[PDB]
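Below, chain A is the first sequence line, B the second, and so on; all start at residue 1. Just so you know, these numbers use all the heavy atoms, side chains as well, and skip hydrogens, waters and symmetry mates.
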Amino acid sequence: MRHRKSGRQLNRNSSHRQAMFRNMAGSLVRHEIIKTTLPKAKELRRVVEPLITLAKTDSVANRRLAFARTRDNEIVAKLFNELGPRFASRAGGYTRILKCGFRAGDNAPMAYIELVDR
Amino acid sequence: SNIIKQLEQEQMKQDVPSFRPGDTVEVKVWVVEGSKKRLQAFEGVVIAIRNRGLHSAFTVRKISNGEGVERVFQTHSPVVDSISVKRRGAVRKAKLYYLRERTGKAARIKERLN
Amino acid sequence: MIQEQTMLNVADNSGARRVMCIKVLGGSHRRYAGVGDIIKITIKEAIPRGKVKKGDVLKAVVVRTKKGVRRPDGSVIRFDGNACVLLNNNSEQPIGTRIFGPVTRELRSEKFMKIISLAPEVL
Amino acid sequence: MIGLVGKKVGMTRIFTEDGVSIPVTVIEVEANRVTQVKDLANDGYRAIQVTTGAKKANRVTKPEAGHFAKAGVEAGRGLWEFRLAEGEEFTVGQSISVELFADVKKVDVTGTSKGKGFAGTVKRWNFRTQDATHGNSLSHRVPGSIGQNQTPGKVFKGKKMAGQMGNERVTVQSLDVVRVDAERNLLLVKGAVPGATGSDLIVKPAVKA
Amino acid sequence: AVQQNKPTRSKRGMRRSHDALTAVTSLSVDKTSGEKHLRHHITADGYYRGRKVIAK
Amino acid sequence: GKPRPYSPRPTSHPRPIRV
RNA sequence: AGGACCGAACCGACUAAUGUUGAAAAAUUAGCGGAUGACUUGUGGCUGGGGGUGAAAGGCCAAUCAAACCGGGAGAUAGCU
RNA sequence: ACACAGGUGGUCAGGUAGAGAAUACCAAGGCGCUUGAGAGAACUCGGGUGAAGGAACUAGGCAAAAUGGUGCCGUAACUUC
RNA sequence: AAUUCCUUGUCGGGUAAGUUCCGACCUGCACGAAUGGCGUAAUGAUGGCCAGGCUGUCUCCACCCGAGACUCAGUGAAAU
RNA sequence: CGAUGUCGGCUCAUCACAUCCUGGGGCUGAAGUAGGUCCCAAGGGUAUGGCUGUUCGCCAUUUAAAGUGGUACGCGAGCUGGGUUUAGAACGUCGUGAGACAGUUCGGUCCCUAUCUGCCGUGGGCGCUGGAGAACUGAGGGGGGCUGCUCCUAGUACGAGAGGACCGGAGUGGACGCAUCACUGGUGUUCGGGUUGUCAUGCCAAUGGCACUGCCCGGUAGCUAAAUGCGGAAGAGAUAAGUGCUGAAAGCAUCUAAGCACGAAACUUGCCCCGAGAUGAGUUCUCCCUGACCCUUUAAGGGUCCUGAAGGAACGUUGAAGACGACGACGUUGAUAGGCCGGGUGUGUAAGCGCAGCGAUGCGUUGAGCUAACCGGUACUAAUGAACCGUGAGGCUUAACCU
Ligand SMILES: *[C@H]1O[C@H](CO)[C@H](O)[C@H](O)[C@H]1NC(C)=O
Ligand SMILES: [Mg+2]
Ligand SMILES: [Mg+2]
Ligand SMILES: [Mg+2]
Ligand SMILES: [Mg+2]
Ligand SMILES: [Mg+2]
Ligand SMILES: [Mg+2]
Ligand SMILES: [Mg+2]
Ligand SMILES: [Mg+2]
Ligand SMILES: [Mg+2]
Ligand SMILES: [Mg+2]
Ligand SMILES: [Mg+2]
Ligand SMILES: [Mg+2]
Ligand SMILES: [Mg+2]
Ligand SMILES: [Mg+2]
Ligand SMILES: [Mg+2]
Ligand SMILES: [Mg+2]
Ligand SMILES: [Mg+2]
Ligand SMILES: [Mg+2]
Ligand SMILES: [Mg+2]
Ligand SMILES: [Mg+2]
Ligand SMILES: [Mg+2]
Ligand SMILES: [Mg+2]
Ligand SMILES: [Mg+2]
Ligand SMILES: [Mg+2]
Ligand SMILES: [Mg+2]
Ligand SMILES: [Mg+2]
Ligand SMILES: [Mg+2]
Ligand SMILES: [Mg+2]
Ligand SMILES: [Mg+2]
Ligand SMILES: [Mg+2]
Ligand SMILES: [Mg+2]
Ligand SMILES: [Mg+2]
Ligand SMILES: [Mg+2]
Ligand SMILES: [Mg+2]
Ligand SMILES: [Mg+2]
Ligand SMILES: [Mg+2]
Ligand SMILES: [Mg+2]
Ligand SMILES: [Mg+2]
Ligand SMILES: [Mg+2]
Ligand SMILES: [Mg+2]
Ligand SMILES: [Mg+2]
Ligand SMILES: [Mg+2]
Ligand SMILES: [Mg+2]
Ligand SMILES: [Mg+2]
Ligand SMILES: [Mg+2]
Ligand SMILES: [Mg+2]
Ligand SMILES: [Mg+2]
Ligand SMILES: [Mg+2]
Ligand SMILES: [Mg+2]
Ligand SMILES: [Mg+2]
Ligand SMILES: [Mg+2]
Ligand SMILES: [Mg+2]
Ligand SMILES: [Mg+2]
Ligand SMILES: [Mg+2]
Ligand SMILES: [Mg+2]
Ligand SMILES: [Mg+2]
Ligand SMILES: [Mg+2]
Ligand SMILES: [Mg+2]
Ligand SMILES: [Mg+2]
Ligand SMILES: [Mg+2]
Ligand SMILES: [Mg+2]
Ligand SMILES: [Mg+2]
Ligand SMILES: [Mg+2]
Ligand SMILES: [Mg+2]
Ligand SMILES: [Mg+2]
Ligand SMILES: [Mg+2]
Ligand SMILES: [Mg+2]
């Protein structure tokens, strides 16, 4: 049973998941569109959007929080310089998921996850 | 939700004083022997507080005649007549369960000054 | 919440210091004894000159438990160590003349009125 | 007599003046509209069909709409039936309210129990686990023996085994009615009733009382 | 545990009576490009609901 | 046809002894 | 000083679980014993089948041991299936 | 027999902590172990935590839990001292 | 008694309760002096028994984290 | 004998009744209480420990009771491996000896991925006669059925006293079952914090990685028991043993032959769940389709054009639903999920800056900062216009009504 539980396990341990979503969050912020598995894209929405939300208010504290997460000053800077003002008047929903068929190697359902004003 | 909130807001005391974990409170509870209804005082250290609206609770620990005694009071219960902070304690934890494994000078808290 | 093999302290001046529950009385397959419930005990530790000897088999009423007692409003009363009062095999009346530590409002029967009167505090 | 269809809002407590905490299930019993009356001549038994709540017009199928339309009542989230006693009598459209339980002391609450999915014999049938240690090979929570030898050379029907547990109709009988609030359309019954929060409950007067 | 008797080609067939694949009910046709695509998926050239979302 | 049989290999369980 | 003590490498193999159409024809994992000695290990040498070698278990002598393996007597013989 | 969790002698020996070639984290250097993707049932495996009780388990405390360092103090019967 | 059949011998100790254990007794079925007798400090992955501590061993299981199991794609066995 | 695994335990049972308890009776050397014995009764219930491999037995302490048997002395393709039952070793004993003993002693291995039957669950197909959405009836099946103690009746009946009821009523437990999470708690590697070693982010400060979640302390939702609600029934029908009424055969007598009455946890109901594949495929309510034409082996025939309804499926967002199917919710005329906003909850006073201190650190800003699965909101994101399946008034016979 998993009644009312959130967060996909993704056949990983907690440390791996956290590391993978830290990398994939950086990748999305860096490239503004990425191709990953549909379930990873749906989970990614719960890691990147709070970082964008956090990056609406530019303080030292919030930059250190957004560094604590991500751990990349090429991602932090872009969150607080480019994306922060961009989605300033947008109340959530910074990311769009577009289903794009099935991966050749393992028939994994794939999706593009892009920032909305790309 | 709003229905349960509208049921859990009308049974709620409006005169529950501010007390923190580590404080020494005196809880006066009603004791019923058939006809007679008197107030029994239970005084000790607040070791846990459950903030959950009408379901709010707090755990008071005292050393009563050698044997340690912990009473978990239901904050909004009509059996709890009066709560009164006798001493304000300076701790850094929400839950003082560690006080269970201490006796004497070791089981003392520093009095919080403003 | 006492069962067979549970070691209880003594809340009286009978001379017994440590007793072990060897049965929960009053039902087939009865698991646990709470405050008020009568248990069968063997005396594991006792003072040299007392009213009872080590290895004596007799009854006891459980008056404090760690698991504690719940009151009608949801409140619970938990103690630090399980303690009982020694009773006779035949009469089920206390051996001792002084009860030590507090007791609860569950002993307010016609059976344990001596264990209420001699109690300093009744929680 | 007849019952009402309600919704499990959740569980609360009622503190009484005499310092007792009554655990209560809050049942939202809004107007039950009678959508059909069964008689002895036509249908072949005495009963009313009740609807309650509201539903999306686009979700209401044309064979459901017409049924409500004949009754002259707004569509509800479903239809339930209640058998009648010899003395009882209701009409089409007649909105029945929770005031029906005004003098009723105990009720039976029937609901759809929470779904535990595929449950082992330990959880489902309270089977005892075998030794965790003392040499136990891969047989800690397994059922053990499921029969006898060549006689009878089969497993008996009704053998307690692993399978679907919960998500079935359950009736809890003889629950005290603590409060009946007709203004807020609330029924407060003492104790727990079957189902998740927001689940449909059928509430009837005590059959044992 | 293992079979005492060789199961028949008949029994084999009967077990495989549920193995048949289900063909996609129908393909959606984009409003702009005109390409057939899986419903709720982007087209092969990169259109979704008449919008050019990804370049090639 | 049939392949040449294997020499003895480790056995998981002792044959039950009936006596 | 020590067939001394604790403990890695190294040598071993007491317990348990796993594995048992194995990852493995003897292992893995967690613990375990010895660890300057009657120690351990590389290279090469010697001992041959009623023979070897054996701090002795009928142990070991190429995944084989109350008489190795290979070829031969040989299509032994089989009142048995 | 395998691109097999096994076996295989010698040499080299960085940093921080450490008694250490133990151990943890790193350097140089080398790798992610040649099916993946989901899901988050029973049950199995390998782990973590647990109210009250504490060997009542069981053939047996099997397994687990526990103890664990350094300095000072202190240390029984018995003894071949 | 690593030996005792009768036998759970008998009595005592330990336990609420002890076919095991320990100590006596002697009635040694069927000990006994280098196929050594009786002791014995130290030593033991040795056998038996009792404590303290400790605990999911158990009362009686609950939840959680991972690897399988389940579903999809690829490859593709076996005993019988 | 080209193998049917053997004791005991564990797990899970199922039947019999020669009944251990509870229920109903007759007789009693049955005053009462409590027994004895026989009859009826199988609904439910029917100890934990010490010792031993034990079954058993003895013992301790419970219980209303700790029933007796069958089921390959039920159950090792379910577990165990203590006993027994290989190879090692020793003692007593026998034997010159190899060895041996249903004498003892220490050590000594338990495979199988389930095809079929069966069983527990869960789908797909077709059927049920035009198609479809609901609500049902209930043939039939299953579950459940235990009982203590106290008080009142009553210190009454009964008895010389001692003692001490029936019947009836009330309360409160044990065990077992179902549900639930409001409370009390457990868990809570997705929340917050403390802290050891080390590495990194240039360094300080601040953070992150790794060390079992590094070690810990707390803890949200969910799940959950030790938590707290509820259950066993009453009543009815027909009875068992048994008790009778009236009543002859048989002028009497006689419960029986005719006729009539009472009588138990057994039986049939009553309570709960499944249930029309109940092919004997039932009922009720509602909804939908009211085109043309051609050939022929003129049939419940085939085919073309037009048409494509109700409803469904599919796809998508999903769910206290779930292995997968299934089931429920929602798809812009939209709160289905995520985000977002507000709140709550948890943790416990962030960072930065200032101040005090030589410094560790303390204090202020500040109950601060952060805060999962929660509550209330909110179309910001994703749930798309379509397409797809399903048709076009539904056979014959005979009745009764209608024209
Ligand atoms: C397997 O069987 C052989 C005889 O063929 C031996 O008895 C061996 O000891 C067995 N092994 C196990 C583990 O039982
Ligand atoms: Mg959710
Ligand atoms: Mg996987
Ligand atoms: Mg880690
Ligand atoms: Mg569920
Ligand atoms: Mg058990
Ligand atoms: Mg095994
Ligand atoms: Mg296991
Ligand atoms: Mg048969
Ligand atoms: Mg055969
Ligand atoms: Mg198939
Ligand atoms: Mg051939
Ligand atoms: Mg040495
Ligand atoms: Mg060796
Ligand atoms: Mg090892
Ligand atoms: Mg040594
Ligand atoms: Mg050593
Ligand atoms: Mg030999
Ligand atoms: Mg060899
Ligand atoms: Mg020979
Ligand atoms: Mg010849
Ligand atoms: Mg020949
Ligand atoms: Mg490889
Ligand atoms: Mg080596
Ligand atoms: Mg190392
Ligand atoms: Mg899992
Ligand atoms: Mg596990
Ligand atoms: Mg642990
Ligand atoms: Mg515990
Ligand atoms: Mg504890
Ligand atoms: Mg203890
Ligand atoms: Mg024992
Ligand atoms: Mg036992
Ligand atoms: Mg051990
Ligand atoms: Mg350990
Ligand atoms: Mg003997
Ligand atoms: Mg013992
Ligand atoms: Mg004795
Ligand atoms: Mg002796
Ligand atoms: Mg001798
Ligand atoms: Mg001599
Ligand atoms: Mg000798
Ligand atoms: Mg496959
Ligand atoms: Mg055969
Ligand atoms: Mg009989
Ligand atoms: Mg029967
Ligand atoms: Mg019955
Ligand atoms: Mg016994
Ligand atoms: Mg038997
Ligand atoms: Mg048998
Ligand atoms: Mg067996
Ligand atoms: Mg079998
Ligand atoms: Mg054995
Ligand atoms: Mg031998
Ligand atoms: Mg087996
Ligand atoms: Mg039944
Ligand atoms: Mg809650
Ligand atoms: Mg808690
Ligand atoms: Mg925790
Ligand atoms: Mg943390
Ligand atoms: Mg620093
Ligand atoms: Mg690193
Ligand atoms: Mg590393
Ligand atoms: Mg009746
Ligand atoms: Mg007559
Ligand atoms: Mg939303
Ligand atoms: Mg707070
Ligand atoms: Mg911090």
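A donor and an acceptor atom, one from each side chain of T70(A) and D72(A), are nowhere located under 3.5 Å apart. Residues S28(C) and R30(C) bring no donor and acceptor atom of their side chains to less than 3.5 Å of each other.
Within the 4.0 angstrom heavy-atom criterion, base atoms lie near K208(D). When heavy atoms are screened at a 4.0 angstrom cut-off, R83(D) is found touching the sugar-phosphate backbone but no base atom. Residue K56(A) is classed as having no contact, given no heavy-atom separation below 4.0 Å to the nucleic acid. Residue-level contact check: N51(B) touches the backbone only, with heavy atoms under 4.0 Å from sugar-phosphate atoms and none from bases. Using a 4.0 Å heavy-atom cutoff across all strands shown, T65(C) reaches no nucleic acid atom at all. Contact annotation for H40(E): base contact, defined as any heavy-atom pair under 4.0 Å involving a base atom. Contacts of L65(A) with the nucleic acid, taken as non-hydrogen atoms under 4.0 Å apart, involve only primed sugar atoms and P, OP1 or OP2. Nucleic acid contact class of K154(D) (heavy atoms, under 4.0 Å, all strands): sugar-phosphate only. No contact: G105(A) has no heavy atom under 4.0 Å from any strand. Within 4.0 Å (heavy atoms only), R141(D) reaches sugar-phosphate atoms of the nucleic acid but no base atom.
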I'd like a table of donor-acceptor pairs (distance under 3.5 Å, sequence neighbours excluded) in which one partner is a side-chain atom from residues 117-125 of chain D, with atom names and distances.
unit_1  : atom_1 : unit_2  : atom_2 : d
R124(D) : NH1    : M161(D) : O      : 2.9
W125(D) : NE1    : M161(D) : O      : 3.0

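Not a single donor-acceptor pair, N or O on each side, falls under 3.5 Å between the base of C216(J) and the side chain of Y97(B). Taking only distance into account, the side chain of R71(A) meets the base of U201(J) through a donor-acceptor pair shorter than 3.5 Å. Under 3.5 Å, the side chain of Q3(E) and the base of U80(I) form at least one donor-acceptor pair of N or O atoms. Remark: the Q130(D) side chain and the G78(J) base include a donor-acceptor N/O pair separated by less than 3.5 Å. A donor and an acceptor atom never sit less than 3.5 Å apart when one is taken from the side chain of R128(D) and the other from the base of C10(J). Between the side chain of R2(A) and the base of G322(J), a donor-acceptor pair under 3.5 Å is found. In this model, a side-chain donor or acceptor of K23(C) finds a partner on the base of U48(J) within 3.5 Å. You'll find a donor-acceptor pair under 3.5 Å spanning the side chain of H134(D) and the base of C57(H), going by distance alone.
Base-pair annotation: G23(I) with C11(I) meets the Watson-Crick or G-U wobble criterion (two N/O distances, each under 3.5 Å). Remark: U14(J) does not pair with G343(J), failing the Watson-Crick or G-U wobble criterion at under 3.5 Å for both atom pairs.
Comparing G7(A) and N42(D) along RNA chain J, the residue whose closest nucleotide (by nearest heavy atom) sits nearer the 5' end is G7(A). Toward the 5′ end of RNA chain J lies the nearest nucleotide of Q150(D), the other residue of the pair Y48(E) and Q150(D) mapping further downstream.
In the set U381(J), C285(J), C75(J), the nucleotide with an atom closest to the side chain of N149(D) is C75(J).
In this entry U70(H) has no Watson-Crick or G-U wobble partner, no candidate having both defining distances under 3.5 Å. With both pairing distances under 3.5 Å, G44(J) is matched to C21(J) as a Watson-Crick or G-U wobble pair.
Comparing the same atom, P, in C273(J) and in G338(J) gives a spacing of 34 Å after rounding to whole Å. Spacing between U284(J) and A225(J) at atom P, rounded to whole Å, works out to 48 Å.
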